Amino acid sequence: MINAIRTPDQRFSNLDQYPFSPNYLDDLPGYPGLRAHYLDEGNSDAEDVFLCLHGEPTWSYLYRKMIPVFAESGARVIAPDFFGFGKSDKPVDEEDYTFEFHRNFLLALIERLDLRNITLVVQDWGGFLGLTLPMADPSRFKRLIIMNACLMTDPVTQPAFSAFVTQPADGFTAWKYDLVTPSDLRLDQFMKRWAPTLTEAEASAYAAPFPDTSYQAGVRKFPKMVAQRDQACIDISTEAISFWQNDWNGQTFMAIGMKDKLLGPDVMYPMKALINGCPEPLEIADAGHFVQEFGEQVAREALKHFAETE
């Protein structure tokens, strides 16, 4: 039904610092015959569950440094790869990818696995999407760990969440340009540019999922989605705001990658205010858009702030 392709297993043979066994789901309601990859780490019977959501143009490999810390704290860690990324199947048409197709996969994943006591860990699109989930079933979510992300609302209700799109020229505009224009997109090169401390092994872990351009419709659509927000995205992100603001009564931990030219301080401070109970943020001076590449620290600190309330 949905036309898609699978990256060959051999492409991940040699991953650096990714000894996590794959778990797959190919029987999700609404995603018939579409195989979803997810990591399931730590005690599966854990009371607490860390749901790690990635963004553009990454995968669960991005949480590799955080997974072990949360796992060793006694928690179960779920880190799914969105359709189109990592080890999941990749629809070939850009048209197939929408906000709801990604948001509905997540709700379906959460129901199938029957996840409760969720500690939501988001960044980028893991955040644009992630942050609109608790409102569809608030009993499942207990805490939030938020890194450089925001809500895809309209330009009017939250200008701080729309302004980076146009300025600066070396922020979102250049990131976008890098992603949707080359006809030979090398993710390793793109990552080394946007996450400068990555080693060479690391960066190729990022290109692993896409042998050629036919595997990158999904990577190409995300950016266009931030730039051209559909009505359901807008309505949904807009309702989320209200949830964060009046209904959320969970524990929150915020971390900011201060060198981010996209979702920096100028986006995170105003998000901080919409989140009821949001403490003061952990500013990571050396971190850029991929705060997870400085994950150990963010994970230790967070479990640290959360335990000082149990």
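Quick note: we count residues from 1 along the sequence shown, nothing fancier.
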Assert higher mean C-alpha B factor (164 to 172 or 81 to 89, deposited values) equals 164 to 172
May I ask you to compare 251 to 259 and 275 to 283 by their mean CA B factor in the entry and name the higher one?
-> 275 to 283
Per the entry, which of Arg112, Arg229, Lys192, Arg220 tops the list for Cα B factor?
-> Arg112
Please work out which residue in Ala136, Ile118, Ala207, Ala201 has the highest C-alpha B-factor recorded for this crystal structure.
-> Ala136
Third of the chain's Cα B-factor distribution that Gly130 belongs to, per the entry | lowest
Would the CA B-factor of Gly42 place it in the lowest, middle or highest third of its chain?
-> middle
Grab the CA temperature factor for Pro270 from the record and place it in the lowest, middle or highest third of its chain.
-> middle
With respect to C-alpha B-factor, does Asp188 fall in the lowest, middle or highest third of the chain as deposited?
-> lowest
On the chain's distribution of Cα B-factors, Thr153 falls within the third called highest
